[PDB]
Amino acid sequence: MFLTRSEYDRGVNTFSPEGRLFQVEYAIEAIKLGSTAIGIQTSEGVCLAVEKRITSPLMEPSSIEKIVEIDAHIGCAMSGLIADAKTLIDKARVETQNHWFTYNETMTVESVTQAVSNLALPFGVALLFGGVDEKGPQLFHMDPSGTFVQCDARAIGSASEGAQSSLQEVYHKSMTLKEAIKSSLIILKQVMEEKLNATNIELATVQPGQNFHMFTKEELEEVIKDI
Amino acid sequence: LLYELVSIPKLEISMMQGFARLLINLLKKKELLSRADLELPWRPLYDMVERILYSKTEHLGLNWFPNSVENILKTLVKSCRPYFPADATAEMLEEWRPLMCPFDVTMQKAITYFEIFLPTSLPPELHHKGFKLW
Amino acid sequence: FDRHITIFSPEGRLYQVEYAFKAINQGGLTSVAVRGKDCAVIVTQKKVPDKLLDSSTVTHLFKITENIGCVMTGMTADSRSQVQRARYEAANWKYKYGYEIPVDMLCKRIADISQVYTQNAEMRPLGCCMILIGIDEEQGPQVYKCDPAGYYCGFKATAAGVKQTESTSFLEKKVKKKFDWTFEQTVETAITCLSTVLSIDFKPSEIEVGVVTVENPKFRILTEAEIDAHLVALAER
Amino acid sequence: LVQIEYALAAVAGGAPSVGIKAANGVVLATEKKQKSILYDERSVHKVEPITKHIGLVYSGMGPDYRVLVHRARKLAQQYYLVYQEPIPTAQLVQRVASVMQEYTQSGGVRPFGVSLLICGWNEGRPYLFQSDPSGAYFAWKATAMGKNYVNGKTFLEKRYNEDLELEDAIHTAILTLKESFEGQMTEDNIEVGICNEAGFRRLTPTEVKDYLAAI
Amino acid sequence: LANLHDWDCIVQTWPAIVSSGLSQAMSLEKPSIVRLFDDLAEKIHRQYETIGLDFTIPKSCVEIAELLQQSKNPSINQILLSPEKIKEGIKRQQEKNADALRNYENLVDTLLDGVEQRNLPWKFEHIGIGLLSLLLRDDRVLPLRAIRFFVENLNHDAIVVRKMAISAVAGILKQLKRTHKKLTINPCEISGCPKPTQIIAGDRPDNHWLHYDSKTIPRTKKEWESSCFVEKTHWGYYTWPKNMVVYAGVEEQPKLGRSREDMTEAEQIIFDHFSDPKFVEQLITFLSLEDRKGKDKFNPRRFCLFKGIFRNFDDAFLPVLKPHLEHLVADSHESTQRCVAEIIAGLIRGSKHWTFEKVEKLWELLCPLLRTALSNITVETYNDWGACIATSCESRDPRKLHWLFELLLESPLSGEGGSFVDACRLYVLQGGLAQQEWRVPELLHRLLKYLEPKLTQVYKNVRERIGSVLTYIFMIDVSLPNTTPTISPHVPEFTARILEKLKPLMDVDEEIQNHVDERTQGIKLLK
Amino acid sequence: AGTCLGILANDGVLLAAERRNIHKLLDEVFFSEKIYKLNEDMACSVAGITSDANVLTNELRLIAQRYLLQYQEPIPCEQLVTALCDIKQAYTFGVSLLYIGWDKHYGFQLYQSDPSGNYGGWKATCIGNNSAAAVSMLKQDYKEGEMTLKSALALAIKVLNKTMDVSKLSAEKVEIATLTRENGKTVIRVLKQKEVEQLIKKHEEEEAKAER
Amino acid sequence: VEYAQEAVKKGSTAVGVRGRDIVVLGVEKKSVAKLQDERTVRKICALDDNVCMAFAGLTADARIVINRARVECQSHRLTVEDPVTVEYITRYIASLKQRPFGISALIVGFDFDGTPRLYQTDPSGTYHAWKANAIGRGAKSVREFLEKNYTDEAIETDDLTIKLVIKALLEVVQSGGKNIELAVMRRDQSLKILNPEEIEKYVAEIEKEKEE
Ligand SMILES: O=P(O)(O)O[C@H]1[C@H](OP(=O)(O)O)[C@@H](OP(=O)(O)O)[C@H](OP(=O)(O)O)[C@@H](OP(=O)(O)O)[C@H]1OP(=O)(O)O
């Protein structure tokens with residue numbers, strides 16, 4: 001509420017007497033500013049939901065992208081504005097394509113997340129790499145510190161913890177992809193409180209069979225027909 | 001003498017500075033007079049401040065006051081205020097109380113004149129003619 | 001921050017350059033150079049405080065070339081560094097230009113280097129004093145001294161260190177009275193001056209004398225028997 | 001910048017330098033007092049040649065001065081490599097004041113605490129110039145520098161005239177130093193340089209002594 | 001020593017300080033000499049105090065000073081003052097404040113002799129006019145030649161002298177103003193009610209006749225001449241004064257419409273200059289010229305110029321001015337609209353003391369002028385007509401200038417010009433209804449009744465102005481103690497009607513934020 | 001400090017600067033100059049002392065000469081101003097410039113750049129000392145679209161009469177440059193002492209006539 | 001960023017809409033001074049041959065953005081042989097930093113096939129595509145005007161697009177005519193910056209539809 005600062009915070013490269021870099025600490029807990037974004041890893045593929053928050057009906061909804069295609073088997077949902085993420089996204093795309101050029105194979109979701117996290121070493125973008133490789137479908141959260149971790153449901157953004165506490169409860173290992181998509185929409189509608197339609201949420205899935213696929217407006221509204 | 005002579009209705013404000021600075025200096029140590037020795041009127045101070053704080057011709061450039069005037073007359077009236085007649089509050093409240101419309105700039109005039117003029121150091125034998133009247 | 005780095009004060013002063021002369025006085029030691037008709041000597045004191053120290057390694061007299069010597073006064077590591085830079089510039093003058101460096105040109109070069117310390121703010125002035133002696137081929141004996149400000153001058157005699165001002169007063173009363181010259185007197189003048197302002201009546205293990213002469217321009221560091229041969233000749237008069 | 005005004009404070013604390021532009025030449029006299037008799041006055045020089053036709057003098061800080069003496073002489077000879085013609089005095093002052101301005105723009109350095117009086121002779125025509133530590137340069141008829149330069153600049157403004165010869169300009173440049181000398185100048189404690197058609201040269205102390213005897 | 005206090009040291013110094021411009025040992029080429037005359041003229045204007053011309057000690061100060069020279073606790077035994085030299089004291093003082101007058105009128109004349117002296121640089125005449133601008137007295141009117149000077153260089157080719165002349169001639173028209181007579185009304189003699197005790201503020205029955213009611217504006221010369229017209233906007237809100245001034249009727253006021261032979265011979269100079277077309281075309285050419293692009297304002301210094309013009313002469317100058325300001329509202333320029341807003345403001349404020357026929361003729365002129373001027377309002381222009389109209393009806397009776405409000409509350413939210421002129425005509429009107437506080441209850445009700453159908457129907461830059469206007473509509477409903485409930489719009493009564501309209505947003509099931517029935521218009525209302 | 005005028009006409013442009021000396025012995029051989037030719041067909045004036053004036057002026061000359069090296073044509077006048085204003089945008093030189101030129105696309109031109117990297121085309125303007133006084137005196141009396149170099153020189157000396165501080169307008173104190181087109185060639189003519197004398201005496205004859 | 005975004009709101013209103021076979025882009029041309037030449041103030045700058053741009057904000061910062069995008073249109077055309085997409089050069093302009101510059105930009109034009117595009121860059125680099133938009137002073141109210149009047153039947157012919165742009169500027173630009181600056185494209189052709197006579201004709205047909 002009031003004001004609680006010390007002499008050891010906001011020094012840019014300076015440890016505290018408890019070994020802490022509080023300039024970096026507060027610059028990681030200022031990337032909660034982004035809109036909410038839920039990835040859920042299932043055995044049938046990974047799903048990625050993010051809220052879109054369109055300003056005007058004169059604006060194309062397909063022009064602000066909060067889920068991008070990294071490669072045909074990897075999508076990524078960011079929280080925060082796109083212009084902060086876009087060097088990390090371009091780095092991820094270039095790394096998948098250099099891995100293809102040298103190795104003639106698809107790069108794993110962990111290795112893409114590691115190659116982005118190397119470039120993140122802050123940079124102030126939380127990302128959610130969801131994808132399918134030879135280890136099955138895999139979801140990777142990478143916080144703005146550069147720390148990445150496999151996670152089988154994860155919410156990043158404005159209400160990350162309130163949605164994460166719901167993802168702790170709906171998720172189980174035997175969850176189908178349609179149940180994951182319905183659950184991610186329920187939790188997005190909960191942390192949003194708005195009516196849920198195909199102009200304020202994006203959704204994309206990466207399945208083991210097909211490629212990275214963004215839902216179109218007709219395919220998206222079939223999902224919210226029974227939410 | 002230097003009160004009746006500092007308040008002359010068309011006196012030169014430039015040399016009124018010296019008469020006022022002496023007159024502050026003669027009423028500065030308040031415990032030396034007792035309201036049984038001195039009963040300075042308040043009206044020639046009010047006609048003095050109207051001429052010099054709410055002048056009608058200074059903004060047109062016809063008067064050109066000294067710059068340290070407002071600060072030396074607001075203490076000149078502050079100096080003479082513990083010696084005003086007992087009836088002064090009741091006749092400062094029939095003359096500035098008409099100006100108390102809170103929607104224009106003349107409420108400002110009322111409360112500046114109350115903050116300068118309106119007497120607060122009277123004996124308790126006549127609080128009923130002082131602050132318990134406003 | 002106007003008194004922390006080498007930038008101008010509001011009255012136009014460089015305070016770090018002023019504090020480097022305070023740093024020269026930190027060493028506790030006073031050096032004296034005087035100049036004769038055909039000779040130029042340098043005498044400093046050789047206070048060895050630790051008695052299990054190798055006293056042959058404590059020296060402020062340095063050979064720069066065979067013909068140029070040097071007494072240093074001030075912060076000792078700064079002194080060794082400025083000596084290494086003077087030895088470099090002497091050898092590089094000889095290489096590029098084909099003749100031995102003059103004493104004024106070497107002292108001018110070291111002062112030109114010291115100005116850079118007084119002007120860039122990221123390094124400090126190098127808090128010590130160099131006095132160079134050597135025999136010029138056309139001008140005779142030369143005594144040159146460069147300070148941490150980047151000034152240098154030629155000196156009939158000079159002094160550097162703690163008792164510099166009183167040594168200067170002594171030598172200034174001395175050189176307007178006589179034209180001090182000859183090999184013996186000029187060591188006498190530089191031993192008496194150090195002795196008078198330190199007031200300690202030297203034994204030869206306590207000072208050290210470096211000479212150049214016109215008859216042999218090699219910079220010599222005096223043997224302790226030779227400082228005896230001057231101190232006995234001075235101590236009975 | 002504030003360091004430029006503080007660098008001008010170190011100039012006005014320096015020794016007086018006076019330079020007068022005569023009809024057939026330019027003088028540059030300075031104040032050169034030795035702090036004691038121990039200092040060889042023959043050794044270090046304040047009036048200093050840059051070319052065979054340009055010399056200069058300063059007030060302020062001598063070690064800062066030698067840095068621009070060295071770089072004026074480099075700019076002059078790299079002009080002479082290109083054109084095989086002696087550099088114009090005004091061109092050289094533009095080059096040197098550009099150098100002297102560089103140390104005010106860059107951080108982590110201070111300005112020079114030195115102000116130059118550049119004299120010259122090119123195309124049969126003398127030049128008097130002053131470069132300030134800011135990097136600004138002014139052409140002069142006559143000016144003073146250093147300690148009480150204001151009083152010198154109004155002493156000069158009274159005794160300056162345009163149909164003035166070089167010898168008379170030496171006479172009234174010694175007088176401008178003598179108005180602030182504090183204690184009986186001699187040929188060993190001032191230093192004069194002249195430009196004329198024969199080029200720049202610094203007067204020998206035997207030649208300064210006769211000018212002082214004429215006063 | 002240049003601004004010492006006596007006359008005998010200013011009459012010497014100021015003509016020397018202006019006449020030192022043609023001195024031939026003087027050089028403004030030196031940058032220190034320009035800095036010092038700017039310091040000299042800058043210091044005097046900063047430290048001049050008005051001087052003298054009258055020192056007469058009354059018969060109260062000399063009464064209490066005789067007792068101080070006869071007190072006998074401590075004294076030197078000094079003689080009683082002879083009435084022979086209580087006559088030489090008046091003798092020396094009456095001729096001491098007589099050459100104060102001589103030195104003042106000498107100083108003005110020799111500043112005028114110096115400021116036009118056959119070859120003098122423009123710095124020294126700009127100095128000698130500002131020093132002359134320090135001498136606008138208020139004890140006397142200014143010297144006839146200086147009236148001539150400051151009037152003839154309203155149109156001077158230097159803009160600095162023009163602004164000095166605008167200030168000086170506004171001071172001249174204040175010096176030259178004829179005093180308007182006042183009577184005393186009992187305020188329960190026009191209202192007809194007991195004017196109760198236990199002092200209560202706000203809208204009362206003895207206060208009510210002073211409110212703007214649309215059924216009681218005069219509209220004829222007879223209902224105008226028999227009417228009260230309390231001018232100030234605060235009299236009678238809290239309480240009435242001991243005596244209260246009225247501005248009595250035209251039969252006892254100073255007569256207006258004089259034919260230049262009746263004028264006071266310094267009104268002659270202003271009349272003979274402000275009534276011919278050539279002076280006025282040069283004046284309005286210089287005075288419609290841009291000075292500082294993007295930084296120019298309404299400039300109440302130039303408003304005080306034209307308020308005094310239409311306060312002393314009032315009738316003959318606008319036939320000279322009507323082509324010039326008829327041309328001037330049609331220009332889509334910025335500074336031409338600045339110029340006519342100052343003239344219209346001073347012409348409305350100047351018509352405070354006119355006859356009904358003369359204000360009737362004024363408003364037959366000004367109504368199409370203001371209609372064109374508010375239709376042609378611009379982003380470069382809107383906060384200048386907002387200052388024109390708020391200036392033109394400050395400290396005025398709302399019934400007297402009711403033509404403003406009928407022009408300007410007719411359709412502020414109309415649609416030609418689109419948005420931003422709906423917002424700015426509703427802003428120009430805002431300052432007009434803001435200056436006439438508590439005293440125009442209806443017409444604020446008319447604006448609320450006009451503009452409650454339009455909270456939904458309007459764009460982003462206008463409902464900001466709607467919000468500021470509703471703030472100035474509900475300023476008068478105060479919970480101030482012992483204040484009678486106003487005739488002005490009540491803020492609880494309005495927001496209950498809002499709460500009716502905004503009911504379908506705050507119900508159950510919580511779905512909101514669509515902004516794409518009685519729900520989306522509720523969102524538009526809530527904006 | 002310093003000030004200069006710039007006035008566009010139909011048959012040319014002018015710059016009209018000050019030559020005021022701050023001290024009695026500043027020589028003026030060096031300070032006499034105030035107009036700076038930049039190429040064959042373009043000139044400028046600065047607001048500042050001669051040292052940073054030359055720092056701007058040689059960079060302008062160098063940009064004009066590398067344009068001439070690439071295209072063998074003189075640089076168009078707005079384009080040299082654009083080049084230096086893009087140099088002064090990257091440095092955010094507290095000096096304003098006033099350009100006169102002629103190019104084949106746009107004719108006679110008059111530009112004014114500020115320190116912040118902006119510039120503007122003007123028909124008459126002033127930079128430096130009493131700038132606002134001179135443009136307020138100039139906005140009155142500059143007739144747009146119908147002035148010639150005779151009326152432009154008359155305006156130049158009329159504005160400099162009551163905005164220069166020099167207390168007696170003489171030909172020693174003003175540099176006037178005149179940029180005209182003469183049979184296919186741009187002539188930047190620094191207008192000399194006898195003609196400035198003749199134009200000041202013709203101005204004074206007009207003011208002394210209107211005084212009668 | 002927030003400093004750079006408050007630099008935009010002070011700047012002039014720029015309106016862009018995208019049609020079927022036309023993209024129109026109109027800016028409030030503003031009275032600059034009296035002796036100012038209004039040619040040098042552009043505010044509408046062509047980028048490649050098929051990509052135009054209006055900005056709002058600082059004109060010194062805009063000119064360098066215009067220059068860098070205008071070079072990269074040719075560099076893209078020299079490495080990839082085809083013209084830039086409006087997406088491409090929009091993404092390049094939003095990627096430019098200096099600070100960020102301090103402009104917002106409406107970028108209209110056509111891609112190679114013939115699709116109209118409208119894009120809008122922010123000083124934080126976060127561009128997105130539009131069907132109609134306004135930037136600059138009074139931009140939110142003009143955008144509120146355009147969520148009412150951008151319909152399919154209001155942009156279906158080529159002239160009603162231009163008149164939609166004019167009616168959008170005529171909200172906040174109260175001069176009614178001469179003080180707005182238009183530019184259309186009409187795919188495969190060029191910019192066609194509209195004359196003051198053609199703008200006045202279109203304003204006349206807009207005014208004639210207002211007594212009805
Ligand atoms: O008409 P306004 O703009 O409200 O100005 C009036 C007016 O002064 P001017 O005529 O000089 O502008 C009054 O003068 P009369 O018309 O009554 O002759 C004057 O009254 P006094 O002359 O009696 O001072 C009054 O001043 P005040 O309100 O102090 O009575 C003053 O109003 P402002 O003070 O608002 O200018």
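The sequence lines fix the lettering, A, B, ..., with proteins before strands; numbering per chain opens at 1. Just follow the structure's listing: the first ligand is 1, and inside any ligand the first atom is 1.
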> At a 4.0 angstrom heavy-atom cut-off, what protein residues surround ligand 1?
Replying inline: B:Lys56, E:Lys174, E:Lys177, E:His180, E:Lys182, E:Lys232, E:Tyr247, E:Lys307, E:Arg311, E:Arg349, E:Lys352, E:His353, E:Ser395, E:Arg396
>> I'd like to know if E:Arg145 pairs up with E:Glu152 as an ion pair, taking the criterion as any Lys NZ or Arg NE/NH1/NH2 lying under 4.0 Å from an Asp or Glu carboxylate oxygen.
In response: no
> Stepwise, does the ring pair (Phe, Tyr, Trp, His ring centres under 6.0 Å) test hold for E:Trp438 with B:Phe103?
Replying inline: CA-CA 8 Å; E:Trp438 75 265; B:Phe103 303 113; 8.0 Å; no
>> Determine whether B:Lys109 and B:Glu50 satisfy the following criterion, salt bridge (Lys or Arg N to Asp or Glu O under 4.0 Å), listing intermediate values before the conclusion.
In response: CA-CA 10 Å; B:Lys109 193 174 184 177; B:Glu50 272 288 327; 2.6 Å; yes
> According to the salt bridge (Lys or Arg N to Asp or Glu O under 4.0 Å) rule, which pairs have a member within residues 342-359 of chain E, sequence neighbours left out?
Replying inline: E:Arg302-E:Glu342, E:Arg349-E:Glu394
>> Does this structure show an ion pair linking E:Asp272 with E:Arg260, if we count only N-O contacts that are shorter than 4.0 Å?
In response: yes
> Using 4.0 Å as the upper bound for N to carboxylate O, is an ion pair formed by E:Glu267 and E:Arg258?
Replying inline: yes
